[PDB]
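Have a look at structure16.pdb below; it lists PDB, C-alpha atoms.
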```pdb
ATOM      1  CA  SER A   2    -111.719  89.222  54.455
ATOM      2  CA  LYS A   3    -109.258  86.463  53.804
ATOM      3  CA  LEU A   4    -111.518  84.284  51.567
ATOM      4  CA  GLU A   5    -111.519  86.570  48.588
ATOM      5  CA  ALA A   6    -107.852  87.253  49.470
ATOM      6  CA  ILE A   7    -107.085  83.828  47.978
ATOM      7  CA  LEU A   8    -108.892  85.074  44.802
ATOM      8  CA  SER A   9    -106.495  88.060  44.872
ATOM      9  CA  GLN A  10    -103.500  85.771  45.497
ATOM     10  CA  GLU A  11    -104.467  83.839  42.340
ATOM     11  CA  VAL A  12    -104.717  86.896  39.980
ATOM     12  CA  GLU A  13    -101.465  88.776  40.663
ATOM     13  CA  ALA A  14     -99.099  86.038  39.453
ATOM     14  CA  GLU A  15    -101.219  85.655  36.308
ATOM     15  CA  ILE A  16    -100.876  89.328  35.493
ATOM     16  CA  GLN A  17     -97.125  88.666  35.380
ATOM     17  CA  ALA A  18     -97.482  85.640  33.096
ATOM     18  CA  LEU A  19     -99.405  87.565  30.516
ATOM     19  CA  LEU A  20     -96.502  89.924  30.545
ATOM     20  CA  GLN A  21     -93.795  87.248  30.272
ATOM     21  CA  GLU A  22     -95.479  85.617  27.331
ATOM     22  CA  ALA A  23     -95.946  89.051  25.796
ATOM     23  CA  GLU A  24     -92.354  90.135  26.274
ATOM     24  CA  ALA A  25     -91.236  87.109  24.313
ATOM     25  CA  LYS A  26     -93.877  87.835  21.684
ATOM     26  CA  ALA A  27     -92.565  91.358  21.001
ATOM     27  CA  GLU A  28     -88.936  90.346  21.050
ATOM     28  CA  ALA A  29     -89.413  87.512  18.628
ATOM     29  CA  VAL A  30     -91.149  89.793  16.130
ATOM     30  CA  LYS A  31     -88.207  92.000  16.478
ATOM     31  CA  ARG A  32     -85.765  89.108  15.993
ATOM     32  CA  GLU A  33     -87.530  87.510  13.028
ATOM     33  CA  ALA A  34     -87.034  90.779  11.283
ATOM     34  CA  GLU A  35     -83.352  91.169  12.380
ATOM     35  CA  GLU A  36     -82.113  88.114  10.546
ATOM     36  CA  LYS A  37     -84.439  88.379   7.587
ATOM     37  CA  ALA A  38     -83.574  92.008   6.717
ATOM     38  CA  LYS A  39     -79.908  91.421   7.043
ATOM     39  CA  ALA A  40     -80.015  88.216   4.967
ATOM     40  CA  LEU A  41     -81.835  89.557   1.880
ATOM     41  CA  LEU A  42     -79.896  92.711   1.698
ATOM     42  CA  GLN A  43     -76.678  90.678   1.583
ATOM     43  CA  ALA A  44     -78.038  88.787  -1.325
ATOM     44  CA  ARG A  45     -79.063  91.917  -3.035
ATOM     45  CA  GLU A  46     -75.690  93.394  -2.559
ATOM     46  CA  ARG A  47     -74.112  90.332  -3.953
ATOM     47  CA  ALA A  48     -76.364  90.122  -6.872
ATOM     48  CA  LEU A  49     -75.965  93.696  -7.865
ATOM     49  CA  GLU A  50     -72.225  93.558  -7.949
ATOM     50  CA  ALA A  51     -72.027  90.451 -10.099
ATOM     51  CA  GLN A  52     -74.649  91.734 -12.474
ATOM     52  CA  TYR A  53     -72.169  94.592 -13.099
ATOM     53  CA  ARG A  54     -68.721  93.076 -13.189
ATOM     54  CA  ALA A  55     -69.626  90.340 -15.596
ATOM     55  CA  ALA A  56     -70.958  92.997 -17.927
ATOM     56  CA  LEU A  57     -67.799  95.046 -17.661
ATOM     57  CA  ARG A  58     -65.872  91.897 -18.264
ATOM     58  CA  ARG A  59     -67.910  91.116 -21.294
ATOM     59  CA  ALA A  60     -67.212  94.716 -22.268
ATOM     60  CA  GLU A  61     -63.516  94.000 -21.870
ATOM     61  CA  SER A  62     -64.170  91.124 -24.250
ATOM     62  CA  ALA A  63     -65.268  93.808 -26.786
TER      63      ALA A  63
ATOM     64  CA  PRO B 121     -60.961  54.309 -36.950
ATOM     65  CA  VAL B 122     -58.089  53.803 -34.674
ATOM     66  CA  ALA B 123     -57.992  57.505 -33.810
ATOM     67  CA  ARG B 124     -61.355  57.958 -32.049
ATOM     68  CA  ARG B 125     -61.996  57.230 -28.386
ATOM     69  CA  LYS B 126     -65.226  56.814 -26.496
ATOM     70  CA  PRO B 127     -66.315  59.871 -24.471
ATOM     71  CA  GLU B 128     -64.953  60.728 -21.061
ATOM     72  CA  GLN B 129     -65.422  64.417 -20.567
ATOM     73  CA  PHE B 130     -68.284  66.708 -19.760
ATOM     74  CA  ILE B 131     -68.560  70.192 -20.908
ATOM     75  CA  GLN B 132     -70.855  72.669 -19.332
ATOM     76  CA  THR B 133     -73.316  74.779 -21.359
ATOM     77  CA  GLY B 134     -74.686  77.604 -19.247
ATOM     78  CA  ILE B 135     -77.996  75.828 -19.358
ATOM     79  CA  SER B 136     -79.191  73.678 -16.623
ATOM     80  CA  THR B 137     -81.636  71.133 -17.868
ATOM     81  CA  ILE B 138     -79.484  70.430 -20.881
ATOM     82  CA  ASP B 139     -76.655  69.419 -18.758
ATOM     83  CA  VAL B 140     -78.640  67.598 -16.179
ATOM     84  CA  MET B 141     -81.012  65.370 -17.985
ATOM     85  CA  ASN B 142     -78.844  65.051 -20.893
ATOM     86  CA  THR B 143     -75.388  65.932 -20.186
ATOM     87  CA  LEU B 144     -72.966  67.564 -22.466
ATOM     88  CA  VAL B 145     -69.616  65.995 -23.002
ATOM     89  CA  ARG B 146     -67.007  66.586 -25.656
ATOM     90  CA  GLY B 147     -67.176  64.616 -28.910
ATOM     91  CA  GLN B 148     -70.911  64.194 -28.493
ATOM     92  CA  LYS B 149     -73.278  64.743 -31.444
ATOM     93  CA  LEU B 150     -76.463  65.953 -29.964
ATOM     94  CA  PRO B 151     -79.324  66.477 -32.216
ATOM     95  CA  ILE B 152     -81.753  69.029 -31.287
ATOM     96  CA  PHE B 153     -85.108  68.354 -32.660
ATOM     97  CA  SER B 154     -86.814  71.477 -33.568
ATOM     98  CA  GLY B 155     -90.217  72.035 -35.143
ATOM     99  CA  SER B 156     -91.709  74.867 -37.174
ATOM    100  CA  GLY B 157     -92.375  78.441 -35.977
ATOM    101  CA  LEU B 158     -90.170  78.232 -32.949
ATOM    102  CA  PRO B 159     -87.310  80.101 -31.294
ATOM    103  CA  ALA B 160     -85.008  77.131 -31.541
ATOM    104  CA  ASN B 161     -82.883  79.479 -33.406
ATOM    105  CA  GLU B 162     -82.695  81.747 -30.437
ATOM    106  CA  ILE B 163     -81.860  79.140 -27.936
ATOM    107  CA  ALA B 164     -79.073  78.295 -30.277
ATOM    108  CA  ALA B 165     -77.007  81.493 -30.384
ATOM    109  CA  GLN B 166     -78.260  82.195 -26.982
ATOM    110  CA  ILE B 167     -76.777  79.269 -25.298
ATOM    111  CA  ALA B 168     -73.998  79.707 -27.664
ATOM    112  CA  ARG B 169     -72.834  82.863 -26.109
ATOM    113  CA  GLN B 170     -73.416  81.516 -22.637
ATOM    114  CA  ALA B 171     -71.054  78.691 -23.325
ATOM    115  CA  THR B 172     -67.608  78.328 -21.940
ATOM    116  CA  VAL B 173     -65.691  75.092 -22.297
ATOM    117  CA  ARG B 174     -65.299  73.671 -18.768
ATOM    118  CA  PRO B 175     -63.947  70.677 -16.864
ATOM    119  CA  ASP B 176     -62.406  72.552 -13.885
ATOM    120  CA  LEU B 177     -64.476  70.514 -11.426
ATOM    121  CA  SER B 178     -62.896  67.289 -12.480
ATOM    122  CA  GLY B 179     -59.562  68.415 -11.183
ATOM    123  CA  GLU B 180     -58.222  69.925 -14.301
ATOM    124  CA  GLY B 181     -57.778  73.580 -15.018
ATOM    125  CA  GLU B 182     -59.219  75.396 -18.018
ATOM    126  CA  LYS B 183     -56.155  77.367 -19.150
ATOM    127  CA  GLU B 184     -55.048  75.022 -21.943
ATOM    128  CA  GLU B 185     -58.468  74.561 -23.572
ATOM    129  CA  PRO B 186     -59.060  76.914 -26.432
ATOM    130  CA  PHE B 187     -62.684  77.504 -27.018
ATOM    131  CA  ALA B 188     -63.727  77.450 -30.570
ATOM    132  CA  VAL B 189     -67.145  78.584 -31.335
ATOM    133  CA  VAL B 190     -67.915  78.088 -34.965
ATOM    134  CA  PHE B 191     -71.174  79.342 -36.164
ATOM    135  CA  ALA B 192     -73.013  78.617 -39.316
ATOM    136  CA  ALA B 193     -76.489  79.603 -40.460
ATOM    137  CA  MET B 194     -78.279  79.158 -43.672
ATOM    138  CA  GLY B 195     -81.569  80.449 -45.000
ATOM    139  CA  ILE B 196     -81.565  83.619 -42.957
ATOM    140  CA  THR B 197     -84.228  86.219 -42.927
ATOM    141  CA  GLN B 198     -83.664  89.931 -42.492
ATOM    142  CA  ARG B 199     -84.945  89.703 -38.989
ATOM    143  CA  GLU B 200     -82.918  86.760 -37.908
ATOM    144  CA  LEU B 201     -79.796  87.924 -39.524
ATOM    145  CA  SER B 202     -79.593  90.851 -37.227
ATOM    146  CA  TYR B 203     -80.017  88.775 -34.138
ATOM    147  CA  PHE B 204     -76.829  87.343 -35.191
ATOM    148  CA  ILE B 205     -75.197  90.720 -35.390
ATOM    149  CA  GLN B 206     -76.760  91.246 -32.046
ATOM    150  CA  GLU B 207     -75.197  88.378 -30.194
ATOM    151  CA  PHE B 208     -71.607  88.266 -31.419
ATOM    152  CA  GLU B 209     -71.537  91.816 -31.948
ATOM    153  CA  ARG B 210     -73.273  92.502 -28.674
ATOM    154  CA  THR B 211     -69.936  92.900 -27.067
ATOM    155  CA  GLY B 212     -66.952  91.132 -28.591
ATOM    156  CA  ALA B 213     -68.384  87.664 -28.406
ATOM    157  CA  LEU B 214     -66.930  87.189 -31.829
ATOM    158  CA  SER B 215     -63.983  87.087 -29.427
ATOM    159  CA  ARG B 216     -63.970  83.395 -30.044
ATOM    160  CA  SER B 217     -66.157  82.930 -33.105
ATOM    161  CA  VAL B 218     -66.814  82.991 -36.843
ATOM    162  CA  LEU B 219     -70.032  83.257 -38.834
ATOM    163  CA  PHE B 220     -70.788  81.593 -42.164
ATOM    164  CA  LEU B 221     -74.290  81.506 -43.573
ATOM    165  CA  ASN B 222     -75.984  80.974 -46.849
ATOM    166  CA  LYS B 223     -79.261  82.854 -47.144
ATOM    167  CA  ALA B 224     -82.250  81.537 -48.968
ATOM    168  CA  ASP B 225     -81.728  84.527 -51.150
ATOM    169  CA  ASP B 226     -78.298  83.218 -51.777
ATOM    170  CA  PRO B 227     -78.010  80.309 -54.178
ATOM    171  CA  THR B 228     -78.850  76.932 -52.859
ATOM    172  CA  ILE B 229     -75.868  75.595 -54.594
ATOM    173  CA  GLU B 230     -73.303  77.507 -52.607
ATOM    174  CA  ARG B 231     -75.445  76.626 -49.690
ATOM    175  CA  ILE B 232     -74.441  73.012 -49.886
ATOM    176  CA  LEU B 233     -70.833  73.720 -49.531
ATOM    177  CA  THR B 234     -71.290  76.251 -46.711
ATOM    178  CA  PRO B 235     -70.945  73.737 -43.813
ATOM    179  CA  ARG B 236     -68.169  71.824 -45.374
ATOM    180  CA  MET B 237     -66.228  74.976 -44.804
ATOM    181  CA  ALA B 238     -66.447  75.231 -41.105
ATOM    182  CA  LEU B 239     -66.499  71.532 -40.960
TER     183      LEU B 239
END
```
Structure encoded using structure tokens:
Amino acid sequence: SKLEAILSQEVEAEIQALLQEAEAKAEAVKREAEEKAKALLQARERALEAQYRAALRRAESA
Amino acid sequence: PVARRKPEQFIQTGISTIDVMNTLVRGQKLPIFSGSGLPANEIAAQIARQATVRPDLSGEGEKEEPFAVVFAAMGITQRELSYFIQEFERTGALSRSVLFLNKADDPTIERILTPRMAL
């Protein structure tokens, strides 16, 4: 019957909202990582080069 | 008396705190109160080598400033004496410096004059 149909009618749109929330919750996890990984590695590239050149320079000073 | 002029120019040190709280400038006599068994000594030749005479930031260059590092110890122990050889000698950091240093072992008489030299 139709009564319980309204109970149906309520659930289906909620199934979709769990998903929409979820979708955003996977993506964000993904995106938090994207910037973070990229941003440290830059710094560690940077740092390693300087920690080299200045030595070689100081070596040139020898 | 008519030669001297009141300070007007910072100089960087390679140390932070000792430029922030108390800020290095040229023609400044900064006493550095040490105590007994301490690595004062270290932080000397340490921040020594770090040093580079600088006022770039003010709007000047740094090309026409010769950097003269003059180093003088006294009363040096076997141990310490090599730390010296370690810093200058590390690379060519004697590339801008001279040592002078009357050991305890050495006469205390010659000692006296020691500074007066580099002075």
Checklist entry - Got a sec to resolve the ChimeraX specification (/A :<8) & /B on this structure and send the residues as a VMD selection string? => result chain B and resid 211 to 213 215
Next on the checklist: Please expand the PyMOL selection byres ((chain B and resi 216-230) around 12) into the concrete residues it hits in this file, giving the result as a ChimeraX atom specification.
Outcome noted: /A:62-63 /B:165,168-169,171-173,186-198,200-201,204-205,207-209,211-215,231-239
Item to check | Point-to-point distance in Å for CA of residue 20 in chain A and CA of residue 3 in chain A | outcome: 26.8 Å
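Counting only C-alpha atoms, the residue from B:166, B:124, B:130, B:176 that sits nearest to residue 142 in chain B is B:130.
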Next on the checklist: Please report the interatomic distance between CA of residue 133 in chain B and CA of residue 167 in chain B in Å with one decimal.
Outcome noted: 6.9 Å
Mind giving me the axis-aligned box for range 43-57 of chain A with 5 Å on every side, centre plus edges in Å to one decimal, as AutoDock Vina command-line options?
```
--center_x -73.4 --center_y 91.9 --center_z -8.2 --size_x 21.3 --size_y 16.3 --size_z 29.5
```
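When CA of residue 177 in chain B is paired with CA of residue 127 in chain B, their separation reads 16.9 Å.
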